[PDB]
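Participant: So that you have it, the file is input_18.csv, and it contains CSV, N, CA and C atoms:
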```
chain,number,residue,atom,x,y,z
K,1,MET,N,55.5,96.5,152.2
K,1,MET,CA,54.6,95.3,152.0
K,1,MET,C,55.4,94.1,151.6
K,2,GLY,N,55.0,92.9,152.1
K,2,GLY,CA,55.6,91.6,151.7
K,2,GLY,C,56.8,91.3,152.5
K,3,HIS,N,57.9,92.2,152.4
K,3,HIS,CA,59.2,92.0,153.0
K,3,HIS,C,59.8,90.6,152.9
K,4,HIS,N,59.6,90.0,151.8
K,4,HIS,CA,60.0,88.6,151.5
K,4,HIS,C,61.6,88.6,151.5
K,5,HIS,N,62.1,87.4,151.8
K,5,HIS,CA,63.5,87.1,151.9
K,5,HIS,C,63.7,85.6,151.5
K,6,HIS,N,65.0,85.2,151.1
K,6,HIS,CA,65.4,83.9,150.8
K,6,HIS,C,66.9,83.8,151.0
K,7,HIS,N,67.4,82.6,151.3
K,7,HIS,CA,68.8,82.3,151.5
K,7,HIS,C,69.1,80.9,151.2
K,8,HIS,N,70.4,80.6,151.0
K,8,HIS,CA,70.9,79.2,150.8
K,8,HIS,C,70.7,78.3,152.0
K,9,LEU,N,71.0,77.0,151.9
K,9,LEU,CA,71.0,76.1,153.0
K,9,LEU,C,71.7,76.7,154.3
K,10,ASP,N,70.9,76.7,155.4
K,10,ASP,CA,71.4,77.4,156.6
K,10,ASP,C,72.7,76.8,157.2
K,11,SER,N,72.9,75.5,157.0
K,11,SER,CA,74.1,74.7,157.4
K,11,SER,C,75.4,75.3,156.7
K,12,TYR,N,75.3,75.9,155.6
K,12,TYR,CA,76.4,76.3,154.7
K,12,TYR,C,76.9,77.7,154.9
K,13,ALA,N,78.1,77.9,154.3
K,13,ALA,CA,78.8,79.2,154.1
K,13,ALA,C,79.9,78.9,153.1
K,14,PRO,N,80.4,80.0,152.4
K,14,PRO,CA,81.6,79.9,151.5
K,14,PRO,C,82.8,79.1,152.2
K,15,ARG,N,83.6,78.5,151.3
K,15,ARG,CA,84.7,77.7,151.7
K,15,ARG,C,85.7,78.4,152.6
K,16,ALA,N,86.5,77.7,153.3
K,16,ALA,CA,87.6,78.2,154.1
K,16,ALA,C,88.7,78.8,153.2
K,17,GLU,N,89.6,79.7,153.7
K,17,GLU,CA,90.7,80.2,152.9
K,17,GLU,C,91.9,79.2,153.2
K,18,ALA,N,93.0,79.3,152.4
K,18,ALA,CA,94.2,78.6,152.6
K,18,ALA,C,94.9,78.8,153.9
K,19,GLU,N,95.7,77.9,154.4
K,19,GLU,CA,96.6,78.1,155.5
K,19,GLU,C,97.5,79.3,155.3
K,20,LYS,N,97.8,80.1,156.4
K,20,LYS,CA,98.6,81.3,156.4
K,20,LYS,C,99.4,81.3,157.7
K,21,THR,N,100.7,81.8,157.6
K,21,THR,CA,101.5,82.0,158.8
K,21,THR,C,101.0,83.3,159.5
K,22,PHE,N,101.2,83.3,160.8
K,22,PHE,CA,100.9,84.4,161.7
K,22,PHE,C,102.0,84.5,162.8
K,23,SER,N,102.2,85.6,163.4
K,23,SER,CA,103.1,85.9,164.5
K,23,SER,C,102.6,87.2,165.1
K,24,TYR,N,103.2,87.6,166.3
K,24,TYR,CA,102.7,88.8,167.0
K,24,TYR,C,103.9,89.6,167.6
K,25,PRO,N,103.8,90.9,168.0
K,25,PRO,CA,102.7,91.7,167.7
K,25,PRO,C,102.5,92.0,166.2
K,26,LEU,N,101.2,92.3,165.8
K,26,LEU,CA,100.8,92.4,164.4
K,26,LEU,C,99.5,93.3,164.4
K,27,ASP,N,99.2,93.9,163.3
K,27,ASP,CA,98.0,94.6,163.1
K,27,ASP,C,96.8,93.6,162.8
K,28,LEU,N,96.6,92.7,163.7
K,28,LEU,CA,95.6,91.7,163.7
K,28,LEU,C,95.2,91.4,165.1
K,29,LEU,N,93.9,91.3,165.4
K,29,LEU,CA,93.3,91.0,166.8
K,29,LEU,C,92.2,90.1,166.6
K,30,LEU,N,92.0,89.2,167.6
K,30,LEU,CA,90.9,88.2,167.6
K,30,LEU,C,90.1,88.3,168.9
K,31,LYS,N,88.9,87.8,168.9
K,31,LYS,CA,88.0,87.9,170.0
K,31,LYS,C,87.1,86.6,170.0
K,32,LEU,N,86.5,86.3,171.2
K,32,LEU,CA,85.5,85.2,171.3
K,32,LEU,C,84.1,85.7,171.1
K,33,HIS,N,83.3,85.1,170.3
K,33,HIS,CA,81.9,85.3,170.1
K,33,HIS,C,81.3,84.0,169.7
K,34,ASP,N,80.1,83.7,170.3
K,34,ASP,CA,79.3,82.5,170.0
K,34,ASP,C,80.1,81.2,169.9
K,35,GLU,N,81.0,80.9,170.9
K,35,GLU,CA,81.9,79.8,171.0
K,35,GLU,C,82.8,79.6,169.8
K,36,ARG,N,83.2,80.7,169.1
K,36,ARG,CA,84.1,80.7,168.0
K,36,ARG,C,85.1,81.9,168.2
K,37,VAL,N,86.3,81.8,167.8
K,37,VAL,CA,87.3,82.9,167.8
K,37,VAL,C,87.2,83.5,166.4
K,38,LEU,N,86.9,84.8,166.4
K,38,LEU,CA,86.6,85.6,165.2
K,38,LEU,C,87.6,86.8,165.2
K,39,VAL,N,87.9,87.3,163.9
K,39,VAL,CA,88.7,88.5,163.7
K,39,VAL,C,88.0,89.7,164.3
K,40,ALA,N,88.6,90.4,165.2
K,40,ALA,CA,88.1,91.6,165.9
K,40,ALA,C,88.6,92.8,165.1
K,41,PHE,N,89.8,92.8,164.6
K,41,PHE,CA,90.4,93.9,163.8
K,41,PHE,C,91.5,93.4,163.0
K,42,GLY,N,91.9,94.1,161.9
K,42,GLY,CA,93.1,93.7,161.0
K,42,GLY,C,92.7,93.9,159.5
K,43,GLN,N,91.5,94.2,159.2
K,43,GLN,CA,91.0,94.4,157.9
K,43,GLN,C,91.7,95.5,157.2
K,44,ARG,N,92.0,95.3,155.8
K,44,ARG,CA,92.5,96.4,155.0
K,44,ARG,C,91.4,97.4,154.7
K,45,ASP,N,90.1,97.0,154.7
K,45,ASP,CA,89.0,97.9,154.5
K,45,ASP,C,87.7,97.4,155.1
K,46,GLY,N,87.5,96.1,155.2
K,46,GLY,CA,86.3,95.5,155.8
K,46,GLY,C,86.2,94.0,155.7
K,47,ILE,N,86.8,93.4,154.6
K,47,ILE,CA,86.6,91.9,154.3
K,47,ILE,C,87.5,91.0,155.2
K,48,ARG,N,87.7,91.3,156.5
K,48,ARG,CA,88.4,90.4,157.4
K,48,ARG,C,87.7,90.3,158.7
K,49,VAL,N,87.2,91.4,159.3
K,49,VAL,CA,86.5,91.3,160.6
K,49,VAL,C,85.3,90.3,160.4
K,50,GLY,N,85.0,89.5,161.4
K,50,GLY,CA,83.9,88.5,161.4
K,50,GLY,C,84.3,87.2,160.8
K,51,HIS,N,85.5,87.1,160.2
K,51,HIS,CA,86.0,85.8,159.8
K,51,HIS,C,86.3,85.0,161.0
K,52,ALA,N,86.3,83.7,161.0
K,52,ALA,CA,86.5,82.8,162.1
K,52,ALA,C,87.6,81.8,161.9
K,53,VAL,N,88.4,81.5,163.0
K,53,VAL,CA,89.4,80.5,163.0
K,53,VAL,C,88.8,79.1,162.8
K,54,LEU,N,89.5,78.2,162.1
K,54,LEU,CA,89.0,76.9,161.8
K,54,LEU,C,90.1,75.8,162.2
K,55,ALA,N,91.4,76.1,162.1
K,55,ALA,CA,92.4,75.3,162.6
K,55,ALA,C,93.7,76.1,162.9
K,56,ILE,N,94.5,75.6,163.8
K,56,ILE,CA,95.9,76.2,164.1
K,56,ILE,C,96.9,75.1,164.1
K,57,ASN,N,98.0,75.3,163.4
K,57,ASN,CA,99.0,74.3,163.1
K,57,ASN,C,98.5,72.9,162.8
K,58,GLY,N,97.3,72.8,162.2
K,58,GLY,CA,96.7,71.5,161.8
K,58,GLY,C,95.6,71.0,162.8
K,59,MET,N,95.6,71.5,164.0
K,59,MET,CA,94.6,71.2,165.0
K,59,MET,C,93.3,71.9,164.6
K,60,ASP,N,92.3,71.2,164.1
K,60,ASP,CA,91.0,71.8,163.9
K,60,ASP,C,90.5,72.2,165.3
K,61,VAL,N,90.1,73.5,165.4
K,61,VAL,CA,89.7,74.1,166.7
K,61,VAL,C,88.3,73.6,167.1
K,62,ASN,N,88.2,73.1,168.3
K,62,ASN,CA,86.9,72.8,169.0
K,62,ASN,C,86.3,74.2,169.4
K,63,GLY,N,85.8,74.9,168.4
K,63,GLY,CA,85.1,76.2,168.5
K,63,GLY,C,86.1,77.3,168.9
K,64,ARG,N,86.5,77.3,170.1
K,64,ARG,CA,87.5,78.2,170.7
K,64,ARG,C,88.5,77.5,171.5
K,65,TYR,N,88.7,76.2,171.4
K,65,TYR,CA,89.7,75.5,172.1
K,65,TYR,C,90.5,74.7,171.0
K,66,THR,N,91.8,74.4,171.2
K,66,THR,CA,92.5,73.5,170.2
K,66,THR,C,91.9,72.1,170.3
K,67,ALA,N,92.4,71.2,169.4
K,67,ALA,CA,92.2,69.8,169.5
K,67,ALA,C,92.6,69.2,170.8
K,68,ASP,N,93.8,69.7,171.3
K,68,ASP,CA,94.3,69.3,172.6
K,68,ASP,C,93.5,69.9,173.8
K,69,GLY,N,93.0,71.1,173.6
K,69,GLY,CA,92.0,71.7,174.6
K,69,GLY,C,92.5,73.0,175.1
K,70,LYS,N,93.6,73.6,174.7
K,70,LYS,CA,94.0,74.9,175.1
K,70,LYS,C,93.0,76.0,174.5
K,71,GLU,N,92.6,77.0,175.3
K,71,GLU,CA,91.7,78.0,174.8
K,71,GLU,C,92.6,78.8,173.8
K,72,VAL,N,92.0,79.0,172.6
K,72,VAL,CA,92.7,79.5,171.4
K,72,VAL,C,93.3,80.9,171.7
K,73,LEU,N,92.6,81.7,172.4
K,73,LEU,CA,93.1,83.1,172.7
K,73,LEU,C,94.3,83.0,173.6
K,74,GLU,N,94.4,82.2,174.6
K,74,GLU,CA,95.5,82.0,175.5
K,74,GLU,C,96.7,81.3,174.7
K,75,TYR,N,96.3,80.3,173.9
K,75,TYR,CA,97.2,79.5,173.1
K,75,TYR,C,98.0,80.4,172.2
K,76,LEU,N,97.3,81.3,171.5
K,76,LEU,CA,98.0,82.3,170.6
K,76,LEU,C,98.6,83.4,171.3
K,77,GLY,N,98.1,83.8,172.5
K,77,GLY,CA,98.6,84.9,173.3
K,77,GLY,C,99.9,84.5,174.0
K,78,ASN,N,100.2,83.2,174.3
K,78,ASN,CA,101.4,82.7,174.8
K,78,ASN,C,102.6,82.9,173.8
K,79,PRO,N,103.6,83.8,174.2
K,79,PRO,CA,104.6,84.1,173.2
K,79,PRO,C,105.6,82.9,172.9
K,80,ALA,N,105.6,81.9,173.7
K,80,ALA,CA,106.3,80.6,173.4
K,80,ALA,C,105.7,80.0,172.1
K,81,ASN,N,104.5,80.4,171.7
K,81,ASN,CA,103.7,79.9,170.7
K,81,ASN,C,103.1,81.1,169.8
K,82,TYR,N,103.9,82.2,169.8
K,82,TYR,CA,103.5,83.3,168.9
K,82,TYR,C,103.6,82.8,167.4
K,83,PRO,N,104.7,82.3,166.9
K,83,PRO,CA,104.8,81.9,165.5
K,83,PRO,C,103.9,80.6,165.3
K,84,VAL,N,102.9,80.7,164.3
K,84,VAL,CA,101.9,79.7,164.1
K,84,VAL,C,101.5,79.8,162.6
K,85,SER,N,100.7,78.8,162.2
K,85,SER,CA,100.0,78.8,160.9
K,85,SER,C,98.6,78.5,161.3
K,86,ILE,N,97.6,79.2,160.6
K,86,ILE,CA,96.2,79.2,160.9
K,86,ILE,C,95.4,79.0,159.6
K,87,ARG,N,94.3,78.3,159.8
K,87,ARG,CA,93.3,78.1,158.7
K,87,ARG,C,92.1,78.8,159.2
K,88,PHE,N,91.4,79.7,158.4
K,88,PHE,CA,90.3,80.5,158.9
K,88,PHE,C,89.5,80.8,157.6
K,89,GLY,N,88.3,81.3,157.9
K,89,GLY,CA,87.3,81.4,156.8
K,89,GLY,C,86.0,82.0,157.3
K,90,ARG,N,84.9,81.9,156.5
K,90,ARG,CA,83.6,82.3,156.9
K,90,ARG,C,83.1,81.4,158.1
K,91,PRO,N,82.4,81.9,159.1
K,91,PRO,CA,81.8,81.1,160.1
K,91,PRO,C,80.7,80.3,159.5
K,92,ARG,N,80.2,79.3,160.3
K,92,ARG,CA,79.1,78.3,159.8
K,92,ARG,C,79.5,77.7,158.5
K,93,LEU,N,80.8,77.3,158.3
K,93,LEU,CA,81.3,76.5,157.2
K,93,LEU,C,80.5,75.2,157.1
K,94,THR,N,80.1,74.6,158.3
K,94,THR,CA,79.2,73.5,158.5
K,94,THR,C,78.7,73.7,160.0
K,95,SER,N,77.5,73.2,160.3
K,95,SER,CA,76.9,73.3,161.6
K,95,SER,C,77.7,72.6,162.7
K,96,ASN,N,78.6,71.7,162.4
K,96,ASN,CA,79.5,70.9,163.3
K,96,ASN,C,80.8,70.6,162.5
```
Translate the structure described by the file into structure tokens.

Facilitator:
Amino acid sequence: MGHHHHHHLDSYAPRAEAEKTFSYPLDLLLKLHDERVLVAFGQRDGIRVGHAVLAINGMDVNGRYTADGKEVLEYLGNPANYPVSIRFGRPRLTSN
């Protein structure tokens, strides 16, 4: 009965994490979902899958493209650009 629910402001989510270096091959994999690049695998236990990319080398990502317009999966997949720094966090940090 009732099955009531409540949540914080829909526009919001917890803050982004700090910038971190990445390179490949690595025990980390990313995928495209809902016009965002998300962690597919690489969790120590669970607290990593479903996190979303927010910038790469300071280019705030246009969902799944760089600021320049490279698709993030191809951009990171290119081994000429394997060594990178990434900013990532909870999805829906803001609606835009």

Participant: Write out as a PyMOL selection string which residues come within 8 Å of residue 43 of chain K when counting all atoms listed in the file, dropping same-chain ones fewer than 4 positions away.

Facilitator: chain K and resi 27-29+39+47-49

Participant: Record the distance separating atom N of residue 86 of chain K and atom N of residue 19 of chain K, expressed in Å with one decimal.

Facilitator: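 Answer for the atom N of residue 86 of chain K to atom N of residue 19 of chain K separation: 6.6 Å.
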
Participant: Work out how far apart atom N of residue 22 of chain K and atom CA of residue 93 of chain K are and give it in Å to one decimal.

Facilitator: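 A separation of 21.3 Å between them.
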
Participant: Using all atoms listed in the file, pick whichever of K:33, K:15, K:64, K:70 has the shortest atom-to-atom distance to residue 89 of chain K.

Facilitator: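 Of all the options, K:15 lies closest to residue 89 of chain K.
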
Participant: Please compute the atom CA of residue 85 of chain K-atom CA of residue 16 of chain K distance, one decimal, in Å.

Facilitator: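 Separating atom CA of residue 85 of chain K from atom CA of residue 16 of chain K is a distance of 14.2 Å.
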
Participant: Counting all atoms listed in the file, which residue out of K:96, K:87, K:26, K:17 sits closest to residue 58 of chain K?

Facilitator: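 So, comparing all the options, the nearest one is K:87.
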
Participant: Which residue is closest to residue 91 of chain K? Choose from K:51, K:18, K:45, K:23 and count only C-alpha atoms.

Facilitator: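 Result for the nearest residue to residue 91 of chain K: K:51.
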
Participant: Write out as a ChimeraX atom specification which residues come within 9 Å of residue 82 of chain K when counting only C-alpha atoms, dropping same-chain ones fewer than 5 positions away.

Facilitator: /K:22-25,75-77
